[PDB]
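Dumped protein.cif below, it's mmCIF, C-alpha atoms:
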```
data_upload
loop_
_atom_site.group_PDB
_atom_site.id
_atom_site.type_symbol
_atom_site.label_atom_id
_atom_site.label_comp_id
_atom_site.auth_asym_id
_atom_site.auth_seq_id
_atom_site.Cartn_x
_atom_site.Cartn_y
_atom_site.Cartn_z
ATOM 1 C CA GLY A 552 126.449 71.187 99.287
ATOM 2 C CA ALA A 553 123.665 69.601 101.326
ATOM 3 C CA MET A 554 121.027 71.599 99.417
ATOM 4 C CA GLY A 555 119.204 69.171 97.150
ATOM 5 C CA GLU A 556 119.994 69.186 93.436
ATOM 6 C CA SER A 557 117.801 70.823 90.820
ATOM 7 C CA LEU A 558 117.836 70.601 87.001
ATOM 8 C CA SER A 559 116.077 73.313 85.004
ATOM 9 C CA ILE A 560 114.187 72.107 81.937
ATOM 10 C CA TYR A 561 112.412 75.348 80.941
ATOM 11 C CA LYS A 562 113.167 78.754 82.525
ATOM 12 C CA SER A 563 112.082 81.371 79.955
ATOM 13 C CA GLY A 564 113.384 78.894 77.374
ATOM 14 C CA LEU A 565 114.673 75.343 77.083
ATOM 15 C CA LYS A 566 117.621 74.511 79.336
ATOM 16 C CA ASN A 567 120.109 71.689 79.892
ATOM 17 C CA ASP A 568 119.707 70.216 76.386
ATOM 18 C CA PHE A 569 116.001 69.464 76.751
ATOM 19 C CA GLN A 570 114.211 69.231 73.433
ATOM 20 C CA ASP A 571 110.736 70.267 72.276
ATOM 21 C CA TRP A 572 109.075 67.052 71.057
ATOM 22 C CA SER A 573 105.563 68.531 71.426
ATOM 23 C CA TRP A 574 102.804 67.603 69.017
ATOM 24 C CA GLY A 575 100.109 69.980 70.282
ATOM 25 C CA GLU A 576 99.675 73.685 69.442
ATOM 26 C CA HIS A 577 102.025 75.735 71.604
ATOM 27 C CA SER A 578 104.713 78.415 71.776
ATOM 28 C CA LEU A 579 107.898 78.310 73.821
ATOM 29 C CA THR A 580 108.057 82.133 73.782
ATOM 30 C CA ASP A 581 104.636 83.307 74.942
ATOM 31 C CA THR A 582 104.967 86.841 76.257
ATOM 32 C CA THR A 583 101.322 87.447 77.248
ATOM 33 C CA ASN A 584 101.259 85.554 80.542
ATOM 34 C CA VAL A 585 104.685 85.436 82.199
ATOM 35 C CA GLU A 586 105.641 84.967 85.815
ATOM 36 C CA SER A 587 107.274 87.884 87.545
ATOM 37 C CA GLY A 588 111.009 87.667 86.989
ATOM 38 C CA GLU A 589 110.690 85.547 83.814
ATOM 39 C CA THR A 590 110.536 86.743 80.195
ATOM 40 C CA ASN A 591 108.599 83.915 78.470
ATOM 41 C CA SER A 592 106.242 81.035 79.188
ATOM 42 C CA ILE A 593 105.147 77.988 77.186
ATOM 43 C CA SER A 594 101.605 78.653 76.010
ATOM 44 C CA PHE A 595 99.529 75.577 75.190
ATOM 45 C CA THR A 596 95.910 75.433 73.958
ATOM 46 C CA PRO A 597 94.855 71.921 75.012
ATOM 47 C CA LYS A 598 92.918 70.333 72.169
ATOM 48 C CA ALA A 599 92.704 67.184 70.035
ATOM 49 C CA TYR A 600 94.838 65.346 72.612
ATOM 50 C CA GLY A 601 97.898 67.425 71.742
ATOM 51 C CA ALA A 602 100.683 67.733 74.287
ATOM 52 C CA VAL A 603 103.726 69.743 75.251
ATOM 53 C CA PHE A 604 106.542 67.155 75.409
ATOM 54 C CA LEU A 605 110.046 68.032 76.673
ATOM 55 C CA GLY A 606 112.613 65.336 75.969
ATOM 56 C CA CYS A 607 116.171 64.447 76.892
ATOM 57 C CA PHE A 608 117.027 60.756 76.477
ATOM 58 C CA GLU A 609 117.912 59.309 79.880
ATOM 59 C CA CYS A 610 118.865 62.813 81.136
ATOM 60 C CA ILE A 611 116.890 62.618 84.401
ATOM 61 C CA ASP A 612 118.261 59.849 86.618
ATOM 62 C CA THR A 613 116.064 59.295 89.667
ATOM 63 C CA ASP A 614 119.231 58.573 91.640
ATOM 64 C CA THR A 615 119.770 62.367 91.468
ATOM 65 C CA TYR A 616 116.221 63.820 91.208
ATOM 66 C CA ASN A 617 113.049 62.632 93.034
ATOM 67 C CA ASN A 618 110.483 64.955 91.398
ATOM 68 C CA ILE A 619 109.360 66.857 88.337
ATOM 69 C CA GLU A 620 107.849 70.257 88.936
ATOM 70 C CA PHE A 621 106.331 73.111 86.925
ATOM 71 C CA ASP A 622 104.318 76.273 87.445
ATOM 72 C CA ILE A 623 101.055 76.344 85.497
ATOM 73 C CA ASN A 624 98.602 79.190 84.839
ATOM 74 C CA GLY A 625 95.010 78.142 84.027
ATOM 75 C CA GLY A 626 94.394 81.200 81.912
ATOM 76 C CA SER A 627 90.857 82.526 81.473
ATOM 77 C CA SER A 628 89.004 79.429 82.562
ATOM 78 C CA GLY A 629 91.350 77.320 84.706
ATOM 79 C CA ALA A 630 90.150 73.796 85.490
ATOM 80 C CA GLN A 631 91.655 72.256 82.299
ATOM 81 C CA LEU A 632 91.612 68.469 82.018
ATOM 82 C CA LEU A 633 95.284 67.537 81.516
ATOM 83 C CA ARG A 634 97.382 64.369 81.931
ATOM 84 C CA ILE A 635 101.031 64.558 83.044
ATOM 85 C CA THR A 636 103.014 61.588 81.659
ATOM 86 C CA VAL A 637 106.583 60.364 82.272
ATOM 87 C CA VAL A 638 108.538 58.581 79.524
ATOM 88 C CA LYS A 639 111.141 55.860 80.216
ATOM 89 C CA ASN A 640 112.796 53.550 77.679
ATOM 90 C CA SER A 641 111.113 55.565 74.895
ATOM 91 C CA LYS A 642 107.590 54.684 76.149
ATOM 92 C CA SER A 643 105.067 56.392 78.416
ATOM 93 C CA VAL A 644 105.297 54.492 81.714
ATOM 94 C CA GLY A 645 103.103 56.487 84.091
ATOM 95 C CA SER A 646 100.501 59.252 84.030
ATOM 96 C CA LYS A 647 98.725 61.458 86.550
ATOM 97 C CA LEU A 648 95.808 63.908 86.318
ATOM 98 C CA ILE A 649 96.868 67.533 86.871
ATOM 99 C CA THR A 650 93.889 68.016 89.223
ATOM 100 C CA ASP A 651 95.082 64.978 91.183
ATOM 101 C CA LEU A 652 98.624 66.375 91.332
ATOM 102 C CA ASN A 653 97.082 69.680 92.583
ATOM 103 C CA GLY A 654 95.555 67.930 95.633
ATOM 104 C CA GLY A 655 92.165 67.430 93.996
ATOM 105 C CA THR A 656 91.636 71.074 93.143
ATOM 106 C CA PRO A 657 91.235 72.148 89.499
ATOM 107 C CA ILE A 658 94.025 74.538 88.524
ATOM 108 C CA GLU A 659 93.011 78.128 89.257
ATOM 109 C CA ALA A 660 92.282 80.557 86.438
ATOM 110 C CA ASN A 661 94.438 83.645 85.860
ATOM 111 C CA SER A 662 97.177 82.737 88.307
ATOM 112 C CA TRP A 663 100.242 80.562 88.746
ATOM 113 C CA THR A 664 100.110 77.188 90.522
ATOM 114 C CA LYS A 665 103.075 75.021 91.541
ATOM 115 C CA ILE A 666 102.690 71.397 90.374
ATOM 116 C CA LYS A 667 104.917 68.765 92.011
ATOM 117 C CA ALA A 668 104.960 65.087 91.058
ATOM 118 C CA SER A 669 107.142 62.411 92.660
ATOM 119 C CA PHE A 670 108.641 59.827 90.303
ATOM 120 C CA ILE A 671 108.298 56.922 92.748
ATOM 121 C CA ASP A 672 105.284 58.217 94.697
ATOM 122 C CA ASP A 673 103.140 59.511 91.838
ATOM 123 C CA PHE A 674 104.331 57.602 88.745
ATOM 124 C CA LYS A 675 105.856 54.494 90.398
ATOM 125 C CA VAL A 676 108.813 55.126 88.076
ATOM 126 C CA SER A 677 112.528 54.872 88.864
ATOM 127 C CA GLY A 678 115.797 54.809 86.928
ATOM 128 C CA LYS A 679 116.388 56.997 83.895
ATOM 129 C CA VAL A 680 113.551 59.147 82.556
ATOM 130 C CA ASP A 681 113.538 60.389 78.940
ATOM 131 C CA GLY A 682 110.988 63.188 79.214
ATOM 132 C CA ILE A 683 107.674 64.518 80.505
ATOM 133 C CA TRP A 684 104.543 65.596 78.685
ATOM 134 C CA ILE A 685 101.403 67.618 79.591
ATOM 135 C CA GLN A 686 98.554 66.330 77.423
ATOM 136 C CA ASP A 687 95.001 67.384 76.604
ATOM 137 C CA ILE A 688 92.555 64.639 77.582
ATOM 138 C CA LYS A 689 89.329 66.433 76.541
ATOM 139 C CA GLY A 690 89.713 66.487 72.736
ATOM 140 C CA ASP A 691 87.248 69.372 72.698
ATOM 141 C CA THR A 692 89.161 72.663 72.819
ATOM 142 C CA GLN A 693 90.196 74.012 76.247
ATOM 143 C CA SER A 694 91.279 77.536 77.150
ATOM 144 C CA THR A 695 95.023 78.212 76.766
ATOM 145 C CA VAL A 696 97.318 77.250 79.698
ATOM 146 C CA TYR A 697 100.756 78.723 80.444
ATOM 147 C CA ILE A 698 103.721 76.682 81.724
ATOM 148 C CA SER A 699 106.866 78.045 83.354
ATOM 149 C CA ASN A 700 109.740 77.040 85.638
ATOM 150 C CA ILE A 701 109.953 73.357 84.601
ATOM 151 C CA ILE A 702 112.566 71.744 86.828
ATOM 152 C CA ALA A 703 113.735 68.337 88.086
ATOM 153 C CA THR A 704 114.380 68.293 91.848
ATOM 154 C CA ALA A 705 115.740 66.123 94.642
#
```

As structure tokens - that is how I would like this structure written.
Amino acid sequence: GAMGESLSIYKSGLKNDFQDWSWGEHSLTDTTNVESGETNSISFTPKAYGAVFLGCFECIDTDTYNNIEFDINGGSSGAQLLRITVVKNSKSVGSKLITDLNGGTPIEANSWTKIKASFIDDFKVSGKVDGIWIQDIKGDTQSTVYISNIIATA
């Protein structure tokens, strides 16, 4: 009813027709660091500017969902340097630093952090969005991160 809409993208596996277009090293079925109540996470070892990229052509209309959200675990080290990018019209149209999205704090090691980004507020993007990616920006290898509960929200 009046409860705002949500669209799951990954909840212990891909949902709602989203597609794995990732080019970095990752697994969609990591079972070593899972949130309570889930069975799998995406594991991602950020390196060589790889990224986890979840795609669904024009599936997210900002007239229905204001934000993109995910839970991230910083693994052994935390504090990974990552860029979160939104894709519209088959091109990247906006990016944000994960530390920025986390209020200026580097993501904590060994524990799960909610990451919220607003399409208009954070990416200055509106209309139909084709996907989101989480990209390594260090090149040099970073400790493995875990991603869970990817969801589009009003």

Written as a PDB file with C-alpha atoms, in the frame of the given file, which residues does the PyMOL selection byres ((chain A and resi 595) around 7) give for the file shown?
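Below you can see out_33.pdb, which holds the result:
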```
ATOM      1  CA  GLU A 576      99.675  73.685  69.442  1.00  0.00           C
ATOM      2  CA  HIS A 577     102.025  75.735  71.604  1.00  0.00           C
ATOM      3  CA  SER A 578     104.713  78.415  71.776  1.00  0.00           C
ATOM      4  CA  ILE A 593     105.147  77.988  77.186  1.00  0.00           C
ATOM      5  CA  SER A 594     101.605  78.653  76.010  1.00  0.00           C
ATOM      6  CA  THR A 596      95.910  75.433  73.958  1.00  0.00           C
ATOM      7  CA  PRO A 597      94.855  71.921  75.012  1.00  0.00           C
ATOM      8  CA  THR A 695      95.023  78.212  76.766  1.00  0.00           C
ATOM      9  CA  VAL A 696      97.318  77.250  79.698  1.00  0.00           C
ATOM     10  CA  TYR A 697     100.756  78.723  80.444  1.00  0.00           C
TER      11      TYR A 697
END
```

### Query
Any chance you could work out the residue set of the PyMOL selection byres ((chain A and resi 624-627) around 9) here, as a PyMOL selection string?
chain A and resi 584+622-623+628-631+657-664+694-699

Using C-alpha atoms, can you write the selected residues to a file as a PDB file, in the coordinates of the input?
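Saved as result-v5.pdb:
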```pdb
ATOM      1  CA  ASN A 584     101.259  85.554  80.542  1.00  0.00           C
ATOM      2  CA  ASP A 622     104.318  76.273  87.445  1.00  0.00           C
ATOM      3  CA  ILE A 623     101.055  76.344  85.497  1.00  0.00           C
ATOM      4  CA  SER A 628      89.004  79.429  82.562  1.00  0.00           C
ATOM      5  CA  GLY A 629      91.350  77.320  84.706  1.00  0.00           C
ATOM      6  CA  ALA A 630      90.150  73.796  85.490  1.00  0.00           C
ATOM      7  CA  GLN A 631      91.655  72.256  82.299  1.00  0.00           C
ATOM      8  CA  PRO A 657      91.235  72.148  89.499  1.00  0.00           C
ATOM      9  CA  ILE A 658      94.025  74.538  88.524  1.00  0.00           C
ATOM     10  CA  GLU A 659      93.011  78.128  89.257  1.00  0.00           C
ATOM     11  CA  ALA A 660      92.282  80.557  86.438  1.00  0.00           C
ATOM     12  CA  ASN A 661      94.438  83.645  85.860  1.00  0.00           C
ATOM     13  CA  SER A 662      97.177  82.737  88.307  1.00  0.00           C
ATOM     14  CA  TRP A 663     100.242  80.562  88.746  1.00  0.00           C
ATOM     15  CA  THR A 664     100.110  77.188  90.522  1.00  0.00           C
ATOM     16  CA  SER A 694      91.279  77.536  77.150  1.00  0.00           C
ATOM     17  CA  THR A 695      95.023  78.212  76.766  1.00  0.00           C
ATOM     18  CA  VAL A 696      97.318  77.250  79.698  1.00  0.00           C
ATOM     19  CA  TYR A 697     100.756  78.723  80.444  1.00  0.00           C
ATOM     20  CA  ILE A 698     103.721  76.682  81.724  1.00  0.00           C
ATOM     21  CA  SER A 699     106.866  78.045  83.354  1.00  0.00           C
TER      22      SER A 699
END
```

### Query
Which residues, written as a list in words, have at least one atom at most 12 Å from residue 655 of chain A, with all atoms listed in the file counted and residues fewer than 6 positions away on the same chain left out?
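Final neighbour list, sorted by chain and number: residues 630, 647, 648, 649 and 666 of chain A.
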
Prev. selection, C-alpha atoms, output as a tab-separated table (two decimals), in the frame of the given file:
```
chain	number	residue	atom	x	y	z
A	630	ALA	CA	90.15	73.80	85.49
A	647	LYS	CA	98.72	61.46	86.55
A	648	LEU	CA	95.81	63.91	86.32
A	649	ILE	CA	96.87	67.53	86.87
A	666	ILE	CA	102.69	71.40	90.37
```

What are the centre and the three edge lengths of an axis-aligned box that wraps all atoms of segment 669-683 of chain A in the file, given that 6 Å is added to every side, written as AutoDock Vina command-line options and rounded to one decimal in Å?
```
--center_x 109.8 --center_y 59.5 --center_z 86.8 --size_x 25.2 --size_y 22.0 --size_z 27.8
```

### Query
How many Å separate atom CA of residue 673 of chain A from atom CA of residue 651 of chain A?
9.8 Å

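For the pair atom CA of residue 617 of chain A and atom CA of residue 705 of chain A, the interatomic distance is 4.7 Å.
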
### Task
May I ask for the distance between atom CA of residue 653 of chain A and atom CA of residue 700 of chain A, given in Å to one decimal place?
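Going from atom CA of residue 653 of chain A over to atom CA of residue 700 of chain A covers 16.2 Å.
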
Residues within 6 Å of residue 563 of chain A, all atoms listed in the file, excluding chain neighbours under 2 positions, as an mmCIF file with C-alpha atoms, in the frame of the given file:
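Output contents, as saved in selection-v1.cif:
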```cif
data_model
loop_
_atom_site.group_PDB
_atom_site.id
_atom_site.type_symbol
_atom_site.label_atom_id
_atom_site.label_comp_id
_atom_site.auth_asym_id
_atom_site.auth_seq_id
_atom_site.Cartn_x
_atom_site.Cartn_y
_atom_site.Cartn_z
ATOM 1 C CA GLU A 589 110.690 85.547 83.814
ATOM 2 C CA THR A 590 110.536 86.743 80.195
ATOM 3 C CA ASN A 591 108.599 83.915 78.470
ATOM 4 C CA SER A 592 106.242 81.035 79.188
#
```

### Query
Written as a ChimeraX atom specification, what is the full residue list that the PyMOL selection byres ((chain A and resi 602-607) around 10) yields on the file shown?
/A:560-561,565,567-579,593-601,608-611,633-638,641,680-688,698,701

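Across A:558, A:702, A:632, A:676, the tightest approach to residue 690 of chain A is made by A:632 when counting only C-alpha atoms.
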
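Take the candidates A:581, A:670, A:642, A:615 and check each one against residue 555 of chain A using only C-alpha atoms; the shortest distance goes to A:615.
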
#### Entry: Contacts of residue 616 of chain A within 8 Å, only C-alpha atoms, excl. fewer than 4 positions in-chain, as a ChimeraX atom specification
/A:556-557,611-612,703-705

### Query
Of the residues A:585, A:652, A:644, A:668, which is the one nearest to residue 619 of chain A, using all atoms listed in the file?
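So, comparing all the options, the nearest one is A:668.
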
Completion step: segment 581-607 of chain A with N, CA, C and O atoms as a short mmCIF file (atom, residue, chain, number, x, y, z; two decimals), in the frame of the given file:
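See part36.cif below for the written result:
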```cif
data_model
loop_
_atom_site.label_atom_id
_atom_site.label_comp_id
_atom_site.auth_asym_id
_atom_site.auth_seq_id
_atom_site.Cartn_x
_atom_site.Cartn_y
_atom_site.Cartn_z
N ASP A 581 105.80 82.48 74.66
CA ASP A 581 104.64 83.31 74.94
C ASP A 581 105.05 84.46 75.83
O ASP A 581 105.71 84.25 76.86
N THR A 582 104.69 85.67 75.44
CA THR A 582 104.97 86.84 76.26
C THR A 582 103.71 87.47 76.84
O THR A 582 103.81 88.53 77.44
N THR A 583 102.53 86.84 76.69
CA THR A 583 101.32 87.45 77.25
C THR A 583 101.00 87.02 78.67
O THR A 583 100.21 87.70 79.35
N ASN A 584 101.51 85.91 79.14
CA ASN A 584 101.26 85.55 80.54
C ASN A 584 102.56 84.97 81.06
O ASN A 584 102.88 83.82 80.78
N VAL A 585 103.33 85.79 81.77
CA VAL A 585 104.68 85.44 82.20
C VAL A 585 104.77 85.64 83.70
O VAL A 585 104.15 86.56 84.23
N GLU A 586 105.49 84.76 84.39
CA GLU A 586 105.64 84.97 85.82
C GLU A 586 106.53 86.17 86.04
O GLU A 586 107.29 86.58 85.16
N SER A 587 106.40 86.77 87.22
CA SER A 587 107.27 87.88 87.54
C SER A 587 108.70 87.37 87.57
O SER A 587 108.97 86.28 88.07
N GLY A 588 109.63 88.12 86.99
CA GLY A 588 111.01 87.67 86.99
C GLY A 588 111.40 86.76 85.84
O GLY A 588 112.59 86.49 85.66
N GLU A 589 110.44 86.28 85.05
CA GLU A 589 110.69 85.55 83.81
C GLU A 589 110.37 86.43 82.61
O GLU A 589 109.80 87.51 82.76
N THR A 590 110.78 85.99 81.42
CA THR A 590 110.54 86.74 80.19
C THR A 590 109.60 86.04 79.22
O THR A 590 109.08 86.69 78.31
N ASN A 591 109.39 84.73 79.39
CA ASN A 591 108.60 83.92 78.47
C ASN A 591 107.95 82.80 79.26
O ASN A 591 108.48 82.37 80.29
N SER A 592 106.83 82.30 78.75
CA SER A 592 106.24 81.04 79.19
C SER A 592 106.00 80.15 77.97
O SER A 592 106.03 80.63 76.83
N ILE A 593 105.76 78.85 78.20
CA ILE A 593 105.15 77.99 77.19
C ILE A 593 103.64 78.23 77.22
O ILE A 593 103.00 78.00 78.25
N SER A 594 103.06 78.67 76.11
CA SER A 594 101.60 78.65 76.01
C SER A 594 101.17 77.39 75.27
O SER A 594 101.85 76.92 74.36
N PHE A 595 100.02 76.86 75.68
CA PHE A 595 99.53 75.58 75.19
C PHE A 595 98.01 75.62 75.23
O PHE A 595 97.43 75.79 76.30
N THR A 596 97.37 75.49 74.05
CA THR A 596 95.91 75.43 73.96
C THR A 596 95.52 73.95 73.91
O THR A 596 95.75 73.28 72.90
N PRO A 597 95.04 73.37 75.01
CA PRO A 597 94.86 71.92 75.01
C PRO A 597 93.69 71.59 74.09
O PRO A 597 92.57 72.11 74.26
N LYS A 598 93.98 70.79 73.07
CA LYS A 598 92.92 70.33 72.17
C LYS A 598 93.42 69.13 71.37
O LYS A 598 94.62 68.93 71.22
N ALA A 599 92.46 68.36 70.88
CA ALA A 599 92.70 67.18 70.04
C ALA A 599 93.77 66.25 70.60
O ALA A 599 94.44 65.54 69.86
N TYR A 600 93.89 66.22 71.93
CA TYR A 600 94.84 65.35 72.61
C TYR A 600 96.28 65.71 72.24
O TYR A 600 97.17 64.87 72.30
N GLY A 601 96.52 66.96 71.87
CA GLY A 601 97.90 67.42 71.74
C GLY A 601 98.59 67.47 73.09
O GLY A 601 97.95 67.41 74.14
N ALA A 602 99.92 67.60 73.06
CA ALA A 602 100.68 67.73 74.29
C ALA A 602 101.96 68.55 74.07
O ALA A 602 102.55 68.53 72.99
N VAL A 603 102.39 69.19 75.14
CA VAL A 603 103.73 69.74 75.25
C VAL A 603 104.62 68.64 75.81
O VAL A 603 104.30 68.07 76.86
N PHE A 604 105.71 68.32 75.11
CA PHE A 604 106.54 67.16 75.41
C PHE A 604 108.01 67.59 75.38
O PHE A 604 108.54 67.92 74.32
N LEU A 605 108.66 67.58 76.55
CA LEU A 605 110.05 68.03 76.67
C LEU A 605 110.93 66.82 76.92
O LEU A 605 110.73 66.09 77.90
N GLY A 606 111.90 66.60 76.04
CA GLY A 606 112.61 65.34 75.97
C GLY A 606 114.12 65.48 76.10
O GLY A 606 114.71 66.44 75.62
N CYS A 607 114.72 64.50 76.75
CA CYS A 607 116.17 64.45 76.89
C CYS A 607 116.44 62.99 77.29
O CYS A 607 116.20 62.61 78.43
#
```
